[PDB]
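Novice: Could you have a look at this structure, given as structure tokens, before my questions?
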Amino acid sequence: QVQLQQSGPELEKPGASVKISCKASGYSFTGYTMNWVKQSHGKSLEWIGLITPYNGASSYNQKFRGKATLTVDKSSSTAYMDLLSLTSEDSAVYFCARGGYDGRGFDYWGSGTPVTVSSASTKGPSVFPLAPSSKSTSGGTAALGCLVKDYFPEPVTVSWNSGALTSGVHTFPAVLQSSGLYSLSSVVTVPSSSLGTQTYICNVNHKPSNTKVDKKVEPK
Amino acid sequence: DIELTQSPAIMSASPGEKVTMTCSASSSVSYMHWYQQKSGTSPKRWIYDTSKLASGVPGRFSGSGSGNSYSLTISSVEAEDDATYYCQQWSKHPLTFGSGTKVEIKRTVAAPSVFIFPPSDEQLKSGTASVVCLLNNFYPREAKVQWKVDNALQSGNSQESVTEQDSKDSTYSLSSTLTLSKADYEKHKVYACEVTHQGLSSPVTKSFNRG
């Protein structure tokens with residue numbers, strides 16, 4: 001199957017540059033185009049430009065000429081985009097997407113690479129339990145969670161029991177605090193009877209600070 | 001650049017309803033494409049060349065249009081259709097996308113279940129106390145949380161976050177976090193979050209006594 005694997009989230013200072021990558025697999029790299037798209041504030045989509053891997057030629061949205069430079073490494077079937085002279089306006093999620101020579105639109109998209117531009121340094125999160133109690137119990141259901149506090153920049157991902165617990169999980173969008181740091185929580189509802197027997201661990205991934213935290217959450 | 005204006009910006013539909021969203025272009029185009037994006041995920045090609053469905057796209061979706069006006073229709077909406085839909089043109093350089101139409105799914109009103117969590121001792125050690133109120137699985141999205149500490153209404157010291165609509169039961173959840181200094185937290189006894197909502201005929205209060 002077609003897969004487009006992009007590089008992880010980035011933090012960069014204003015004025016700096018970053019190179020992001022898209023490793024393509026499951027198809028013949030040079031038979032298709034590679035496009036790059038910017039999504040700002042989780043909403044507006046803008047087309048940056050494209051490259052035809054067979055010869056490395058590229059075509060740009062003039063708005064992004066000199067902001068973005070597209071290249072490819074045909075050996076590893078990887079496409080790259082360099083973003084130069086970063087400013088806060090460049091903070092966004094960047095997608096690579098496969099196109100065709102036959103008007104097919106963008107038929108497969110990469111996972112997206114968040115880039116945050118800031119003079120502030122990265123900081124990994126503190127993780128605290130949201131412990132189940134009688135005040136988080138109701139008719140044989142209990143809620144528990146973890147509070148993921150004071151990290152920078154976005155994003156953080158959270159799983160429970162290494163992905164084996166998904167039913168009833170809610171992971172909230174982060175809020176930006178007055179301190180300039182983010183926080184979020186992730187909660188799950190589980191059967192009250194399981195609290196004495198079942199282990200619940202939240203797994204918190206913060207790639208920008210190269211940190212992962214596992215936190216066991218217990219009653220009381 | 002060709003500007004693509006999508007309407008409505010936000011739509012709310014009951015399951016089983018036919019709905020149509022529109023992409024209006026600032027000049028003529030052809031063979032419009034459409035993408036679906038769910039929260040926290042990458043867009044997927046949905047309809048392309050005006051009316052062709054991508055692999056795996058349900059048959060209730062269709063696309064049509066001509067001139068400067070293109071449309072995406074869902075013949076009978078399902079709960080899983082909640083997403084933002086974007087049109088995209090490739091008639092002139094540069095390629096451009098529409099502003100998006102966000103589709104929300106209607107369901108019967110559901111009042112929230114409310115839970116409250118005191119701060120952990122571990123966090124207190126470090127000088128800060130976060131008290132968390134959870135409103136779980138409610139509809140519609142609008143709800144109101146008030147914090148009271150020893151019966152004094154709190155303002156300016158809480159923040160809320162709301163999940164996107166659940167693709168299976170179409171409900172929302174919300175968290176409200178009250179942040180205090182350790183010293184301020186250890187000054188008071190009773191911590192309460194008071195919740196109101198269209199589907200509650202009187203407020204729901206969850207509370208605890210520090211200790």
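We name chains A, B, ... following the order of the structure tokens; residues begin at 1 in each chain, and ligands are numbered from 1 as shown.
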Can you tell me, as a VMD selection string, what residues are no more than 6 Å from residue B:86 when counting only C-alpha atoms, ignoring any on the same chain fewer than 4 positions away?
Specialist: chain B and resid 34 to 35 98 100
Novice: Please report as an NGL selection string which residues of chain A come no farther than 9 Å from chain B, using only C-alpha atoms.
Specialist: :A and (42-49 or 60-62 or 95 or 103-112 or 126-133 or 135-138 or 142-144 or 147 or 170-175 or 177 or 184-185 or 187)
Novice: With C-alpha atoms retained, write the just-selected residues as an mmCIF file, in the first residue's frame.
Specialist:
```cif
data_model
loop_
_atom_site.group_PDB
_atom_site.id
_atom_site.type_symbol
_atom_site.label_atom_id
_atom_site.label_comp_id
_atom_site.auth_asym_id
_atom_site.auth_seq_id
_atom_site.Cartn_x
_atom_site.Cartn_y
_atom_site.Cartn_z
ATOM 1 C CA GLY A 42 -5.830 23.523 11.932
ATOM 2 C CA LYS A 43 -7.945 25.162 9.213
ATOM 3 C CA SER A 44 -6.766 26.910 6.054
ATOM 4 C CA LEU A 45 -4.901 24.853 3.444
ATOM 5 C CA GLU A 46 -2.388 26.415 1.040
ATOM 6 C CA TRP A 47 -0.514 24.685 -1.759
ATOM 7 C CA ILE A 48 3.218 25.405 -1.518
ATOM 8 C CA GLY A 49 4.434 23.733 -4.692
ATOM 9 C CA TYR A 60 5.926 26.915 -6.747
ATOM 10 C CA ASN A 61 3.095 29.025 -5.481
ATOM 11 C CA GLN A 62 4.810 32.408 -5.867
ATOM 12 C CA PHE A 95 1.851 17.883 4.610
ATOM 13 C CA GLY A 103 -5.691 15.042 -12.864
ATOM 14 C CA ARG A 104 -6.299 12.724 -9.931
ATOM 15 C CA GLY A 105 -5.885 15.407 -7.235
ATOM 16 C CA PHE A 106 -3.855 14.499 -4.141
ATOM 17 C CA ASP A 107 -4.610 10.810 -3.680
ATOM 18 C CA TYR A 108 -2.458 10.067 -0.617
ATOM 19 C CA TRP A 109 -1.287 12.401 2.113
ATOM 20 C CA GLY A 110 1.530 12.145 4.627
ATOM 21 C CA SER A 111 1.051 12.240 8.369
ATOM 22 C CA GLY A 112 1.936 15.942 8.637
ATOM 23 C CA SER A 126 5.090 17.091 33.871
ATOM 24 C CA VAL A 127 2.503 14.316 34.108
ATOM 25 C CA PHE A 128 0.214 14.023 37.106
ATOM 26 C CA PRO A 129 -2.486 11.485 37.879
ATOM 27 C CA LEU A 130 -6.179 12.236 37.748
ATOM 28 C CA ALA A 131 -6.928 9.501 40.254
ATOM 29 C CA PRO A 132 -10.218 7.637 40.254
ATOM 30 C CA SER A 133 -12.258 8.130 43.389
ATOM 31 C CA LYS A 135 -16.088 11.561 43.229
ATOM 32 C CA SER A 136 -15.174 10.261 39.768
ATOM 33 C CA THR A 137 -17.479 7.230 40.013
ATOM 34 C CA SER A 138 -21.089 6.815 38.879
ATOM 35 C CA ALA A 142 -15.226 5.324 37.016
ATOM 36 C CA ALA A 143 -13.222 8.053 35.317
ATOM 37 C CA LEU A 144 -9.451 8.458 35.621
ATOM 38 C CA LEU A 147 -2.864 15.782 33.454
ATOM 39 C CA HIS A 170 -10.904 11.327 25.529
ATOM 40 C CA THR A 171 -7.728 13.312 25.031
ATOM 41 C CA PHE A 172 -8.514 17.036 25.094
ATOM 42 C CA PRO A 173 -6.994 19.658 22.799
ATOM 43 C CA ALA A 174 -4.247 21.556 24.599
ATOM 44 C CA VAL A 175 -4.798 25.010 26.038
ATOM 45 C CA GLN A 177 -1.556 28.976 29.502
ATOM 46 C CA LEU A 184 -3.897 19.052 28.269
ATOM 47 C CA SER A 185 -5.539 16.129 29.962
ATOM 48 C CA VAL A 187 -9.217 10.725 30.568
#
```
Novice: Please run DSSP on the backbone and report, as a PyMOL selection string, all residues within stretch 38-208 of chain B that come out as helix (DSSP H, G or I).
Specialist: chain B and resi 79-81+121-125+182-185
Novice: Please, could you write that set of residues out with N, CA and C atoms as a PDB file, in the first residue's frame?
Specialist:
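The resulting file, out-v8.pdb, is reproduced below:
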```
ATOM      1  N   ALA B  79     -23.512   9.294  11.238  1.00  0.00           N
ATOM      2  CA  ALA B  79     -22.739   9.858  12.340  1.00  0.00           C
ATOM      3  C   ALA B  79     -21.260   9.983  11.983  1.00  0.00           C
ATOM      4  N   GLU B  80     -20.744   9.062  11.169  1.00  0.00           N
ATOM      5  CA  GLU B  80     -19.322   9.049  10.840  1.00  0.00           C
ATOM      6  C   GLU B  80     -18.930  10.120   9.831  1.00  0.00           C
ATOM      7  N   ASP B  81     -19.904  10.896   9.370  1.00  0.00           N
ATOM      8  CA  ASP B  81     -19.620  11.890   8.344  1.00  0.00           C
ATOM      9  C   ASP B  81     -19.137  13.232   8.897  1.00  0.00           C
ATOM     10  N   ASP B 121      -0.983  15.114  45.239  1.00  0.00           N
ATOM     11  CA  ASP B 121       0.003  15.589  46.197  1.00  0.00           C
ATOM     12  C   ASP B 121       1.305  15.914  45.485  1.00  0.00           C
ATOM     13  N   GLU B 122       1.622  15.164  44.441  1.00  0.00           N
ATOM     14  CA  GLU B 122       2.882  15.373  43.751  1.00  0.00           C
ATOM     15  C   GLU B 122       2.900  16.783  43.155  1.00  0.00           C
ATOM     16  N   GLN B 123       1.822  17.178  42.491  1.00  0.00           N
ATOM     17  CA  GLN B 123       1.794  18.504  41.902  1.00  0.00           C
ATOM     18  C   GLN B 123       1.857  19.580  42.989  1.00  0.00           C
ATOM     19  N   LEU B 124       1.092  19.401  44.051  1.00  0.00           N
ATOM     20  CA  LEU B 124       1.134  20.366  45.162  1.00  0.00           C
ATOM     21  C   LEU B 124       2.547  20.635  45.637  1.00  0.00           C
ATOM     22  N   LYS B 125       3.340  19.587  45.795  1.00  0.00           N
ATOM     23  CA  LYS B 125       4.713  19.752  46.239  1.00  0.00           C
ATOM     24  C   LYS B 125       5.356  20.883  45.469  1.00  0.00           C
ATOM     25  N   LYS B 182      -0.363  26.606  45.623  1.00  0.00           N
ATOM     26  CA  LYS B 182      -0.450  25.636  46.691  1.00  0.00           C
ATOM     27  C   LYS B 182      -0.989  26.372  47.879  1.00  0.00           C
ATOM     28  N   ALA B 183      -0.377  27.505  48.138  1.00  0.00           N
ATOM     29  CA  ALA B 183      -0.674  28.197  49.368  1.00  0.00           C
ATOM     30  C   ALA B 183      -2.162  28.548  49.375  1.00  0.00           C
ATOM     31  N   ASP B 184      -2.689  29.007  48.236  1.00  0.00           N
ATOM     32  CA  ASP B 184      -4.123  29.346  48.113  1.00  0.00           C
ATOM     33  C   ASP B 184      -5.034  28.117  48.198  1.00  0.00           C
ATOM     34  N   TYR B 185      -4.594  27.011  47.607  1.00  0.00           N
ATOM     35  CA  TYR B 185      -5.359  25.780  47.656  1.00  0.00           C
ATOM     36  C   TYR B 185      -5.491  25.291  49.108  1.00  0.00           C
TER      37      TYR B 185
END
```
Novice: Between A:98, A:74, A:69, A:52, which residue has the minimum interatomic distance to residue A:5, considering only C-alpha atoms?
Specialist: A:98
Novice: Excluding residue A:200 and residues on its chain fewer than 6 positions from it, collect all residues at most 10 Å away from it, counting only C-alpha atoms, and give them as a PyMOL selection string.
Specialist: chain A and resi 144-145+160-162+165+188+190+194+215-218
Novice: Kindly export the residues of the current selection with C-alpha atoms, as a compact mmCIF listing (two decimals), in the first residue's frame.
Specialist:
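Result written to out.txt:
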```
# COMPACT_ATOMS: atom_id res chain seq x y z
CA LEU A 144 -9.45 8.46 35.62
CA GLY A 145 -6.79 10.24 33.63
CA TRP A 160 -3.34 4.24 27.37
CA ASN A 161 -1.71 0.88 28.17
CA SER A 162 0.43 1.19 25.05
CA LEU A 165 -7.03 0.73 25.82
CA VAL A 188 -10.86 7.35 30.24
CA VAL A 190 -13.63 2.21 32.90
CA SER A 194 -11.70 -3.14 37.42
CA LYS A 215 2.49 7.34 34.38
CA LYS A 216 0.61 4.66 36.32
CA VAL A 217 -2.68 5.98 37.65
CA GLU A 218 -4.04 4.35 40.79
```
Novice: Near stretch 15-19 of chain A, within 8 Å and counting only C-alpha atoms, which residues show up once chain neighbours fewer than 3 positions away are dropped, as a list in words?
Specialist: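 Here the answer would be residues 12, 80, 81, 82, 83, 84, 85, 86 and 87 of chain A.
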Novice: List every residue of stretch 79-153 of chain B that DSSP, applied to the backbone, labels as strand (DSSP E or B), and write the result as a PyMOL selection string.
Specialist: chain B and resi 83-89+96-97+101-105+110+113-117+128-139+144-149+152-153
Novice: Please, could you write that set of residues out with C-alpha atoms as a PDB file, in the first residue's frame?
Specialist:
```pdb
ATOM      1  CA  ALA B  83     -15.508  16.276   9.452  1.00  0.00           C
ATOM      2  CA  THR B  84     -14.395  19.362   7.595  1.00  0.00           C
ATOM      3  CA  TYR B  85     -14.649  19.122   3.794  1.00  0.00           C
ATOM      4  CA  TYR B  86     -12.405  21.208   1.536  1.00  0.00           C
ATOM      5  CA  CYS B  87     -12.682  21.822  -2.202  1.00  0.00           C
ATOM      6  CA  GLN B  88      -9.632  22.397  -4.339  1.00  0.00           C
ATOM      7  CA  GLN B  89      -9.127  23.673  -7.898  1.00  0.00           C
ATOM      8  CA  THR B  96      -5.941  26.776  -4.124  1.00  0.00           C
ATOM      9  CA  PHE B  97      -8.310  25.285  -1.564  1.00  0.00           C
ATOM     10  CA  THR B 101     -17.346  23.361   5.405  1.00  0.00           C
ATOM     11  CA  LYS B 102     -17.530  21.753   8.835  1.00  0.00           C
ATOM     12  CA  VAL B 103     -20.284  19.141   9.219  1.00  0.00           C
ATOM     13  CA  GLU B 104     -21.607  18.355  12.692  1.00  0.00           C
ATOM     14  CA  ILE B 105     -24.053  15.526  13.382  1.00  0.00           C
ATOM     15  CA  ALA B 110     -27.764  14.321  26.418  1.00  0.00           C
ATOM     16  CA  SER B 113     -21.997  13.158  33.477  1.00  0.00           C
ATOM     17  CA  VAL B 114     -19.824  15.215  35.842  1.00  0.00           C
ATOM     18  CA  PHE B 115     -16.658  14.106  37.651  1.00  0.00           C
ATOM     19  CA  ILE B 116     -14.158  16.029  39.696  1.00  0.00           C
ATOM     20  CA  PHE B 117     -10.487  15.400  40.455  1.00  0.00           C
ATOM     21  CA  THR B 128       0.662  24.640  42.038  1.00  0.00           C
ATOM     22  CA  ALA B 129      -2.773  23.034  42.317  1.00  0.00           C
ATOM     23  CA  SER B 130      -4.867  22.023  39.320  1.00  0.00           C
ATOM     24  CA  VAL B 131      -8.457  20.948  40.068  1.00  0.00           C
ATOM     25  CA  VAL B 132     -10.165  19.281  37.104  1.00  0.00           C
ATOM     26  CA  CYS B 133     -13.908  19.007  36.349  1.00  0.00           C
ATOM     27  CA  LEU B 134     -14.878  16.588  33.594  1.00  0.00           C
ATOM     28  CA  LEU B 135     -18.153  16.829  31.656  1.00  0.00           C
ATOM     29  CA  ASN B 136     -18.548  13.601  29.743  1.00  0.00           C
ATOM     30  CA  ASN B 137     -20.589  12.605  26.677  1.00  0.00           C
ATOM     31  CA  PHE B 138     -23.088  15.419  26.279  1.00  0.00           C
ATOM     32  CA  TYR B 139     -24.954  17.099  23.445  1.00  0.00           C
ATOM     33  CA  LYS B 144     -21.525  26.083  31.476  1.00  0.00           C
ATOM     34  CA  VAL B 145     -19.131  25.399  34.352  1.00  0.00           C
ATOM     35  CA  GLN B 146     -18.737  27.594  37.441  1.00  0.00           C
ATOM     36  CA  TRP B 147     -16.100  26.977  40.103  1.00  0.00           C
ATOM     37  CA  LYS B 148     -16.820  27.682  43.732  1.00  0.00           C
ATOM     38  CA  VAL B 149     -14.268  27.481  46.557  1.00  0.00           C
ATOM     39  CA  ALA B 152     -17.036  31.842  46.621  1.00  0.00           C
ATOM     40  CA  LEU B 153     -17.501  32.094  42.884  1.00  0.00           C
TER      41      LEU B 153
END
```
Novice: Show which residues sit within 7 Å of residue B:16, as a PDB file with C-alpha atoms, in the first residue's frame. Count only C-alpha atoms, and ignore same-chain residues fewer than 2 positions away.
Specialist:
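Once everything was written out, this is selection-v7.pdb:
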```pdb
ATOM      1  CA  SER B  14     -29.502  14.688  11.560  1.00  0.00           C
ATOM      2  CA  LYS B  18     -29.732  14.923   2.593  1.00  0.00           C
ATOM      3  CA  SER B  76     -28.280  10.430   3.773  1.00  0.00           C
ATOM      4  CA  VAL B  77     -25.950  11.561   6.543  1.00  0.00           C
ATOM      5  CA  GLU B  78     -24.344   9.137   8.965  1.00  0.00           C
TER       6      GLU B  78
END
```
